[PDB]
Number of protein chains: 2
Amino acid sequence: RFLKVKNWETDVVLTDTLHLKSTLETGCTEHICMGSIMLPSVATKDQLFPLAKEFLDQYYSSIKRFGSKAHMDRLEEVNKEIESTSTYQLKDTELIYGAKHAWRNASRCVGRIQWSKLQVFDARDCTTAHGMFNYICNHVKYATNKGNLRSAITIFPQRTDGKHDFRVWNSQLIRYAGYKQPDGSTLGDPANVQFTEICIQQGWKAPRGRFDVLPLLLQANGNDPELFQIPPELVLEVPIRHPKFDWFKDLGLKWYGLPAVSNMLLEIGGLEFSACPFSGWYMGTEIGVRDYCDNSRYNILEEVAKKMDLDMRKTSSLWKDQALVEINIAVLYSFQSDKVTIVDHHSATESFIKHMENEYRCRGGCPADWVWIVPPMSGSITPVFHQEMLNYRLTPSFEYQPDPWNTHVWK
Amino acid sequence: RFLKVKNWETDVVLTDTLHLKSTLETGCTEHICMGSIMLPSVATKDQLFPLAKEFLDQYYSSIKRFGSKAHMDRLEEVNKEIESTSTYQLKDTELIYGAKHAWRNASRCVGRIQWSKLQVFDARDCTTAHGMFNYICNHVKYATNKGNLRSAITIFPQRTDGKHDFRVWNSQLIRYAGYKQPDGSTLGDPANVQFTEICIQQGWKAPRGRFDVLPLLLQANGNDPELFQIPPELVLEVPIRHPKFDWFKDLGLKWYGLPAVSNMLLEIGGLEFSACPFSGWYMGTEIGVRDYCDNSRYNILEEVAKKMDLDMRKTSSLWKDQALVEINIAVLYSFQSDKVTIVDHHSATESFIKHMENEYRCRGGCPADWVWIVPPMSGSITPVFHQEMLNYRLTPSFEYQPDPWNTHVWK
Ligand code: HEM
Ligand code: HEM
Ligand SMILES: N=C(Nc1cccc(CNCCc2ccc(-c3ccccc3)cc2CN)c1)c1ccco1
Ligand SMILES: N=C(Nc1cccc(CNCCc2ccc(-c3ccccc3)cc2CN)c1)c1ccco1
Ligand SMILES: C[C@H](O)[C@H](O)[C@H]1CNc2nc(N)[nH]c(=O)c2N1
Ligand SMILES: C[C@H](O)[C@H](O)[C@H]1CNc2nc(N)[nH]c(=O)c2N1
Ligand SMILES: [Zn+2]
């Protein structure tokens, strides 16, 4: 009832009581742990008031007015509005609180030491695809801030009936296209091949190259989605050079500065915001390890090891590992030399331990998903490899949601 | 009731039904996952027969005589012997079956493709510390096999009352000593500092150096333990050179060929074998990443990066990662050039996926602990990073047990 997590490198022990306020389920049971399953498992007015009340009781607690009159009047006000429309509307303050704490509660996010410094753009007055484009361009421009990146989220109107739903069909506001080839190979980003051809379906004219920024596909109030091209001046990009190897530029690689996730669902007080793109900045490994070297992504370990003149015959020459570190020195070096915000897996993981100490201290705990927090390389030489973590689902939260093209009752 | 695990690099799906035969609990519940907790949570005649029966029903099933007369007579034979002594004795065949399947069921072991090729040394006639030494030297000599290593386990008499207990007090048959210093630093292996001084307590004369092979501390039939020195000729060692950097030899490093774990408990049919050292061979990362570069181990990242002339000012030069790969090229190269069996994290992880396919096919599943199966470096460039895994506790099993010096009713 008062659980202990240990760090096995520092011998530091923390006591978790926050997991007692946990609500949802994890997928694990007493006889089976599913902590490595990637994706694990309309609303009525009955269900919706407990959710509103629970969220409002923590909101008013957080402003040092738990149970005051303004709390009770706000409680009954929401109760009354849920009676009338079987839904309700968040105050601007409540919306910003919910957004920040959704991030605070994201147990797979290593960057949460920043969770309270988040810019919330209320787009709940939006009605059209064009209005979404406008809101999204203002997000990008603000969050990029000339490479001095700033964290932000833009929140579109909440789901109501179900068939009226705002959705960004992109998985990220900014992604590179991916095109299959005659010989079955792939140019660009293979992750995006189905999306890239969906855009060509609804009308995109593709410039079939490597790093073609996809257009936006924006669906407003449940209508069919519409293509829009982000102005290239708002899309900041970093060419990848190496601080030692000059052939590295001949690799011709580049990536975009701004990671801005757009396919997730924000849940606040039982209300569901299906379109809520959020941006921060990159941990270096996301590009250099996963984006570039995932076998099903750009898969450049081949070419980098060639130019390094490595023993690629044997598996045990560790030529893959050796070419993996160079590439990540190059991403970091490139971003930093351009004053574009990036963090390295070492600095990021150290901050998360520092963040963990604060949450356990001033909150009773910190939900954390070791499988996702440990970086995809140099695991045990970062402090989080050695840090026991308790995972559990608190709310407000970010949830996965189906892709709109698999669910949209079309016309 | 018929769970699915996916590989997100191959899109391969496996169906797990073996977890239905799971028995023990995992530490996880519906509202909290503890899959990153390192160590998670006398027997009576009532409890012991169901355990015997369950184990015998799977043993006789495995020899294609499930429910035959020989099964029923063996069932009643054990039932009768449990009535008489409130314990019982395993047949030699049952002991070998149990040992192999304990390994087969070790969800943290990446090397399980070999689980059926295991040499079982029945030491259940042992009575004294000297007899343990003899059995243990024969284990080492056999398992080492001139560097063509062979997997083996030596099984000492099962626990009976509780105060009569065979225990190897070493955590591994072969470990390097660790000595604290005047200035508070550490020579040798810091993991073993408490054990190293325990040996000096009971009588060891230490040669206070780096790589001093500890003596054995062997406890038989619950008596106080006794020191024995393994004959240095049976202890095979590999000096660590690099195939490029000749200063690497001036580092003067070396490690022992044979990983042989001795502090664990083997559970078969409800019977508890508290002394059961098992050996196989090394995955390269165990030495090069963990043994050598754990901050609380030999911690050589400092010196290797110095000799490489790396930018050690900034964290983001990835100088730690760059010096980590060289060291693991060196361990593999050294072991291989000496015909001493070693496997690299790439070859080992690929075999585990191949092993996983067989178990799901011909067994219904394979318990697997992603946190422990993924290697401590180059995680996502190995196939197990992308492989969902279900963890659950089957039996026969290997269990952790307290250290004997924290529990032994002494004299
Ligand atoms: C400020 C800089 C940030 C850094 C350095 C960072 C870092 C990361 C990384 C490396 C991941 C794993 C993603 C993956 O491997 O696919 C992640 C996950 C996540 N981040 Fe953070 N992030 C940042 C900002 C944010 C912000 C501003 C939000 C929300 C407003 C957020 C919410 C999340 C969520 C919900 C996940 C889980 C995604 C999933 O389960 O697929 N992050 N973060
Ligand atoms: C044949 C070569 C083998 C290889 C390459 C191998 C590899 C590994 C590795 C890398 C680990 C993680 C250990 C750690 O990080 O501390 C492990 C764990 C384990 N291995 Fe295997 N192993 C082998 C043989 C064996 C044998 C012969 C047995 C038993 C008879 C065994 C039983 C176990 C168990 C029980 C664990 C879990 C230890 C724990 O939970 O602390 N292994 N193995
Ligand atoms: N710094 C950041 N990064 C970051 C943060 C959150 C989320 C993500 C993206 N998370 C994607 C994980 C994922 C999703 C779907 C699939 C997939 C692939 C094929 C088929 C089906 C699904 C695979 C993966 C990764 N394995 C990145 C960042 C972005 C915004 C703020 O901060
Ligand atoms: N190839 C092999 N390897 C291998 C296999 C099984 C087990 C092990 C050793 N597993 C030790 C894990 C461990 C235990 C205790 C502590 C610890 C440290 C400080 C205080 C208290 C406990 C820390 C760790 C590692 N974090 C290695 C091998 C050996 C035999 C066959 O195959
Ligand atoms: C905190 C964490 O559970 C702990 O450091 C684990 C992580 N995974 C591991 N994996 C292996 N193979 N060996 C280990 O010692 C550990 N340690
Ligand atoms: C199978 C496994 O759960 C899957 O590959 C996960 C592992 N950990 C991860 N961790 C991060 N940060 N991102 C990921 O995409 C994944 N993928
Ligand atoms: Zn779990």
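Numbered from 1 within each chain, the chains take letters A, B, ... in sequence-line order. Order of listing sets the numbers, starting from 1, for every ligand and every atom in it.
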Undergrad: Please list the nearest protein heavy atom to atom 7 (C) of ligand 1 with its residue and the distance rounded to 0.1 Å.
TA: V110(A) CG1, 3.9 Å
Undergrad: Angle between ring planes, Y256(B) versus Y282(B), binned at 30° and 60°: parallel, tilted or perpendicular?
TA: tilted
Undergrad: Kindly assign one of parallel, tilted or perpendicular to the pair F121(A) and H139(A), based on the angle between their ring planes and the thresholds 30° and 60°.
TA: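 If you compare the ring of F121(A) with that of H139(A), the planes turn out tilted.
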Undergrad: Decide yes or no for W281(A) and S151(A): does some side-chain heavy atom of the first lie under 4.5 Å from some side-chain heavy atom of the second?
TA: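 SC-SC contact between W281(A) and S151(A) confirmed.
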Undergrad: Does any part of the side chain of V374(B), heavy atoms only, come nearer than 4.5 Å to the side chain of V384(B), both counted from C-beta?
TA: yes
Undergrad: Nearest protein heavy-atom contact for atom 4 (C) of ligand 1: which residue, which atom, what distance?
TA: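 Its nearest protein heavy-atom neighbour is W281(A) O, 3.6 Å.
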Undergrad: Quick check: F398(A) with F278(A) (ring centres under 6.0 Å apart)?
TA: yes
Undergrad: Please report, to 10°, the angle around the Zn ion (ligand 7) from atom SG (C28(A)) across to atom SG (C33(B)).
TA: 100°
Undergrad: Looking at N391(B), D369(B), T26(B), which hits side chain to side chain donor-acceptor pair (under 3.5 Å) with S107(B)?
TA: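 For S107(B), the side chain to side chain donor-acceptor pair (under 3.5 Å) check succeeds only for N391(B).
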Undergrad: Could you tell me the residue and atom name of the protein heavy atom closest to atom 24 (C) of ligand 1, and the distance to it rounded to 0.1 Å?
TA: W103(A) CZ2, 3.7 Å
Undergrad: Going by distance only, is there an N or O of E286(B) that falls short of 3.5 Å from an N or O of ligand 2?
TA: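 N/O-N/O distance under 3.5 Å: no.
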Undergrad: Parallel, tilted or perpendicular: which fits the ring planes of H355(A) and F352(A), with parallel below 30° and perpendicular above 60°?
TA: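 Tilted.
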Undergrad: Could you tell me the residue and atom name of the protein heavy atom closest to atom 11 (C) of ligand 1, and the distance to it rounded to 0.1 Å?
TA: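 Ranking protein heavy atoms by distance from atom 11 (C) of ligand 1, first comes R108(A) O, 4.1 Å.
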Undergrad: Considering only the protein, which heavy-atom contact is closest to atom 28 (C) of ligand 1, and what is its distance?
TA: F278(A) CD1, 3.4 Å
Undergrad: Assign the ring pair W370(A) / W370(B) to parallel, tilted or perpendicular, where the plane angle (0 to 90°) is split at 30° and 60°.
TA: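 Geometry flag for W370(B) against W370(A): perpendicular rings.
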Undergrad: One residue to check: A348(A). Relative to ligand 1, which of side chain, backbone, both or neither has a non-hydrogen atom less than 4.0 Å away?
TA: neither
Undergrad: Could you find the nearest protein heavy atom to atom 38 (C) of ligand 2 and give me its residue, atom name and distance?
TA: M264(B) SD, 4.3 Å
Undergrad: Enumerate the atoms of ligand 2 whose separation from the nearest heavy atom of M283(B) is less than 4.0 angstrom.
TA: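 Near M283(B), the atoms of ligand 2 are 10 (C).
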Undergrad: Starting from atom 19 (C) of ligand 1, which protein heavy atom do you reach first, and at what distance in Å?
TA: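 So the nearest neighbour among protein heavy atoms is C109(A) CB, 3.5 Å.
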Undergrad: CD of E9(A): more than 12 outside heavy atoms within 6.0 angstrom?
TA: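 Yes.
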Undergrad: Please confirm whether the backbone N or O of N263(B) pairs with a side-chain atom of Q401(B), one donor and one acceptor, at under 3.5 Å?
TA: yes
Undergrad: Tell me whether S279(A) reaches ligand 1 (any heavy atom closer than 4.0 angstrom to a ligand atom).
TA: yes
Undergrad: To check your reading of the model: name the closest protein heavy atom to atom 34 (C) of ligand 1, its residue, and the distance in Å.
TA: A106(A) CB, 3.9 Å
Undergrad: How are the rings of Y292(B) and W255(B) set to each other: parallel, tilted or perpendicular (split at 30° and 60°)?
TA: perpendicular
Undergrad: When you measure from the heavy atoms of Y400(B) to every atom of ligand 2, does any distance fall below 4.0 Å?
TA: yes
Undergrad: Specify the protein heavy atom at minimum distance from atom 13 (C) of ligand 1: its residue, its atom name, and the distance to 0.1 Å.
TA: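 Atom 13 (C) of ligand 1 sits closest to the protein heavy atom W372(A) CZ3, 4.1 Å.
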Undergrad: In terms of atom number and element, which parts of ligand 2 are under 4.0 angstrom from non-hydrogen atoms of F398(B)?
TA: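 Selected atoms, number and element: 29 (C), 30 (C), 35 (C).
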Undergrad: Provide the number and element of each atom of ligand 1 under 4.0 Å from a heavy atom of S151(A).
TA: 1 (C)
